[PDB]
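Presented below, as structure tokens, is a lone chain in the form deposited in one PDB entry.
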């Protein structure tokens, strides 16, 4: 497995020792392992925040501030999704980010890399305030409009004649507290993750989990149809993909595809669909 072919971290992992020598705010959070190598404890929210903020500055020229009480996005995963959206839409382009988080990372990356315009929505006060500040401090307010909404949905007032090229979304993966704790395992001694989940409740849980959340997005798409060229959603769980493709098929959606986002050990998936007859459909990963 490999990251997306255009992902700048493919076969080029960041050099933590180089980053620590150049960025004192990163060096503050590193550890030295028993090989004498600069390393990170990815279970420490401050360390992973420092890494993400430092990568965005050094590699993308973006300065962001984010809280420890909300999700800390990881750059290679988010880039894998941006590059897949480039493939979908055939890369002025306009997108919608549903639930943009405190980092506003998808709009910041898309506007910086490709000059895309974004409508970026958020339901959480803390995430909304940080997202607005991160857009403003990177001088991207002309390209990115951050809006506070009551629900994560495509059926918004901010939408009437502008046709969007795409939507993207990181849906809340989990339906309940046992799922969010990761304890639904065959064996109690299953190794724990190397990461930590700092997400807020509206970032990580939803009624019915990502399966029911994405079904609601699908039913929103059945009302909007051609208002957006491509609909897309990340999936945190492999077992969500088949039931969601079958929901699209039962509802008669003509064009459907999917992909895998590969980075580290944690895989993510994503689903995309369209009602247009013109668009080319990117192939899913080979069998």
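Basically, rigid core = biggest C-alpha set you can superpose within 1.5 Å across the two forms. Numbering follows the first chain given and starts at 1.
A second form of this protein, the form deposited in another entry, is not displayed here; the remarks below concern that form.
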item: Core-superposed comparison between this form and the one not shown: the option from 207, 142, 125, 136 whose CA moves 2 angstroms or more; value: 207
item: Core superposition between this form and the one not shown, C-alpha change of residue 152 at least 2 Å; value: yes
item: Outcome for the Cα pair residue 80, residue 207 in the other entry, compared with this form (closer or farther; change of 3 Å or more); value: closer
item: Outcome for the Cα pair residue 208, residue 240 in the other entry, compared with this form (closer or farther; change of 3 Å or more); value: closer
